[PDB]
Structures are given as C-alpha cells and as structure tokens.
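Coordinates in review
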Amino acid sequence: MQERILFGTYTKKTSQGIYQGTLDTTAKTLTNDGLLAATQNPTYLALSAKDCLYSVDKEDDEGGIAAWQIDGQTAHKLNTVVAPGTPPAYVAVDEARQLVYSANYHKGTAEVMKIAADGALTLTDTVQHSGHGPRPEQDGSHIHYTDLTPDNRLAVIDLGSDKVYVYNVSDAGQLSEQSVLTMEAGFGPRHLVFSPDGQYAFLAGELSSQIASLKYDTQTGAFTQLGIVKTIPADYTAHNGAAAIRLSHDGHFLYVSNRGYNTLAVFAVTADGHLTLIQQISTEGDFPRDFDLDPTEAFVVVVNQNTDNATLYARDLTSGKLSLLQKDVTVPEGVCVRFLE
C-alpha cells in the first residue's frame, strides 16, 4: 500500500519548506514527491483529525506557528500566529480541547493557541520559564517539548534547566503548574513518550545521551525516576546529542536517534519500565534529528539534517529490530518526519 509522509525542514540552504513523500509497503520504497508548502524553517509539524497542518514558522524577525488545510496533495494557508523573536521548536495538537501547543527553545516559553472552526489559530497563553544548567548549552531556559499526558495534562520539558514540568490545561487555553521533576544536572532533557497504559514515560536526555525511565501517576500528575541507560557506546567520547524518541504501539520497543554517532538505538521495554539495548543501526547520514515508525509499524523512516537524505528501514514486528531497505532519498535539510495517520 501507499502511505503519505510529510517532512519538516530548516530552510537555510536549499530547502523551500515542507515536503511530502510516499512509503510503498510492497515495493519497499520511499520517495520525496515534492514540496507541499513553501514556508520558512518548518522544523516541526503537527496534524489534526480535520487534516489541518500546523508548522513551526519564521516570518523575518518574527516566529511562531503557521496553519494549513491539507486538500489532497496540496496545502492551503489559513493564517499564522507569530511574534518578535525566534521560531518555536515543537508543536502539537489537542483534539479534545481544540488547542495547539508549541515550545520555544531560545525564548524559554510554552505557548497555547486555540483552533477556530476553519483550523485557523489565535494565541491564548505564553508561559515564561527561567533557570539554567552546568553545560554550555544550558545558558538559560530552553523549552523543547509540549505535549499531552495520558490524563490530558501537559508535559513541558526544559532542556536548559533540567526540568520536566506538568501543567493542567484550562478550556480557554491557559496552563497552571501541577508538578516539576528535576533531573541530574547536565541531563539536558528534550523529548519524552508515554507507554500505552499511561503508567510509564521514557525521557530522552539530549546532552548526556541517556534515557530516563519514569513512572507517571495520574492521581498526582507527577513522575518518579526509575532508572537511566546510555544511548551510545560507553567509549564513544565524541559529540552526541540524542534527539527523537518513539515507542511501538504495543509498548514493547523504544527507539531513539543519536546525532553524532548517527544511529537509531533500539531498546526492549520489559518489567516496570526497564530498558535493554538490543540494536544500534546507522541512519546512513549525518544528524538524524527525527524519525518515526509508519502506521503499520513494519517500517521506520529517519531523516538526516546535514546530509539531506532520508533512510527507510524494515522493522520486525516481533523482535523490534531494524534492517536497511533504502538510503539516500533526497529531503533537503530534513528535521521532522510526520506520517499521515
């Protein structure tokens, strides 16, 4: 069958915006069919059930989120919500509340926007954080993730201050703190993903190349750190920044991308959130900032930021391991993989 994929990118060299491709499950191929939307620095993407696309957006010295309505193999711009400063780094959709969340790295903010009847957005709240860390990259607050918890609270990750916040969300679109988990100094938390039963969360530590297993309690809206594992060899001393983290639908396998060592590390999830490294596979390019399993979960697509190429893997449904199928599919400055679902 044919599965549509959207690619987010940086537009500092040759990219013209958001691209789209197709994953052919039978032929075992991956293509970049072309540009879907001409826009600047759409480094992260989010989709709604009404097929509206929300992307990181840069409009000169202003940055924010752009809203588009997808119609077939085309995209129609609805509107944008921008403000003086840098563009955000993450964006997500809250279907039930009809809100869009975004995280801004440089500003250290978490923002909330409400979705109008036609998909257009309106800013409702901007939460400012503060703090810092021991590492050079932690000069100030750097929010890198804003997404829903199993009980619909909002998990907000601050890479700059080594903290994972949990916020309650109002219907009107405002956040109010519930809890804050502080990680060991220098951990540099970036993204996380919850288990299918909502009892556990796996947090990627970008700066320390580690993954923390966490127990989540819906009653307290808080976390408890369970254990930590490395995402690269113990002797690899060169630069490495973990990036994206994904979990299979059955919750049995965890995946994380490594920028520097340039691989996808596969972990088997066992009792009480424990992780076991079972595979390290090259992404066939430099700096794999994002990747994801396809809807059937029989494949994985990763994009490499610095080499402008995407790679397709076959994924064993029972073992969770990956094997190369195709490499060097051109996607300029690719940094986000968004399958239609």
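An account of the accompanying structure is given in this report.

A short note on the overall build of the protein
Check the secondary structure of the protein and you find zero helices and 28 strands. The C-alpha atoms of the protein give a radius of gyration of 19 Å, which matches the 20 Å a tight globule of 341 residues would have. Seen through its principal axes, the protein has C-alpha atoms that stretch 45 × 45 × 35 Å.

Side note on the pattern of salt bridges
A side chain of one charge can pair with a side chain of the opposite charge when the charged atoms of the two come close. Evaluation of the coordinates by the stated rule reveals seven salt bridges. Across the pair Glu 206 and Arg 259 runs a salt bridge whose closest N-O atoms are separated by 3.0 Å. Of the two residues, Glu 206 is situated in the loop between β17 (200-205) and β18 (210-217) and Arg 259 in strand β21 (residues 253-259); the sequence distance between them amounts to 53 residues. Given a relative accessible area of 13%, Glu 206 falls into the buried group. Through salt bridges that share partners, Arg 190, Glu 206 and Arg 259 make up one connected network.

Quick word on the packing of aromatic side chains
With the rule as written, the count across this model stands at seven aromatic pairs. Ring geometry for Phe 194 against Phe 223: centres 5.9 Å apart, planes inclined by 25°, an arrangement best described as stacked. Of this pair, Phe 194 sits in strand β16 (residues 189-194) while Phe 223 sits in strand β19 (residues 222-230), and the two are 29 residues apart along the sequence. On the accessibility criterion, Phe 223 (10% relative accessible area) is buried. Clustering of aromatic rings is evident, with ring pairs tying together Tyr 44, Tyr 90 and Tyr 145. When the ring centre of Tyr 10 is taken as origin, the NZ or CZ atom of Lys 12, which lies over that ring, is 4.4 Å away.

Focus on the side chain of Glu 111
With respect to the helices and strands, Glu 111 occurs in strand β10 (residues 109-115). Buried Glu 111, no salt bridge; nearest opposite-charge side chain is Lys 107, N-O distance 5.5 Å. Setting aside anything within four residues of it in sequence, one finds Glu 111 in contact with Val 100, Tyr 101, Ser 102, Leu 123, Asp 125 and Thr 126.

Quick word on the side chain of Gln 279
Here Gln 279 shows up in strand β23 (residues 275-282). Only 2.7 Å separates the side chain of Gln 279 from the backbone nitrogen of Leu 322, close enough to count as a polar contact. Setting aside anything within four residues of it in sequence, one finds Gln 279 in contact with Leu 264, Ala 265, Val 266, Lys 321 and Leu 322.

What to know about the pairing of strand β20 (residues 241-247)
The element β20 is largely enclosed, with a buried count of seven among its seven residues. Both β20 and β21 contribute to a ladder of five bridges, which runs antiparallel. Of the residues in β21, the one forming a bridge with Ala 242 is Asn 258. Linking β20 to β21, which pair antiparallel, is a turn of five residues; within it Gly 251 sits at a positive phi near 75°.

Some thoughts on the sheet that holds strand β11 (residues 121-128)
Spatially, four strands are ordered β8-β9-β10-β11 in an open sheet, and the strand pairing comes out antiparallel. Every other strand in the sheet has two partners, leaving β8 (90-94) and β11 as the edge strands with one partner each. On average, adjacent strands in this sheet sit at an angle of 20° to one another, irrespective of strand direction. Summarising the sheet, β8 and strand β9 (residues 99-104) pair through five bridges and their orientation is antiparallel. Bridging from a neighbouring strand, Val 93 pairs with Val 100 of β9.

Points about the sheet that holds strand β13 (residues 154-158)
Pairing in this open sheet of four strands is antiparallel, and the strands run β12-β13-β14-β15 from one edge to the other. The sheet is open, and its two borders are formed by β12 (143-148) and β15 (175-182), each paired with just one other strand. Between one strand axis and the next, the sheet turns through 20° on average, direction left out of account. Bridging between β12 and β13 involves five bridges; their strand directions are antiparallel. When the sheet's bridge partners are listed, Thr 146 is paired in β13 with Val 156.

Concerning unusual backbone geometry
Despite not being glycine, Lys 28 shows a phi value in the positive range, around 75°. The exposure class assigned to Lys 28 is partly exposed, which follows from its relative accessible area of 39%. Located in the positive-phi region is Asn 152, a residue other than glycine, with phi close to 65°. One can find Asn 152 in the loop between β12 and β13. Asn 152 sits in the partly exposed class, given a relative accessible area of 35%.

What counts and what doesn't
- Residues numbered from 1 in each chain as written, not as in the entry; some residues may be left out.
- Heavy atoms only, no water.
- Residues with missing side-chain atoms left out of burial classes, pairs and counts.
- Helix = DSSP H or I, 4+ residues; strand = E, 2+ residues; numbered from the N terminus.
- Rg over C-alpha atoms; globule rule 2.2 N^0.38 Å.
- Salt bridge = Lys/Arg side-chain N within 4 Å of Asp/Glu carboxyl O.
- Buried < 20%, exposed > 50% of the residue type's maximum accessible area, 1.4 Å probe, protein only.
- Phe/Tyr/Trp six-rings, centres within 6.5 Å; stacked < 30°, edge-to-face > 60°.
- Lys NZ or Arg CZ within 6 Å of the ring centre and 35° of its normal.
- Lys, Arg positive; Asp, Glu negative; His and termini not counted.
- Contact = heavy atoms within 4.5 Å.
- Polar contact = N/O pair within 3.5 Å; in protein donor to acceptor, adjacent residues only side chain to side chain.
- Pairing = 2+ DSSP bridges.
- Axes fitted to C-alpha atoms, helices over the stretch in contact; angles between N-to-C directions.

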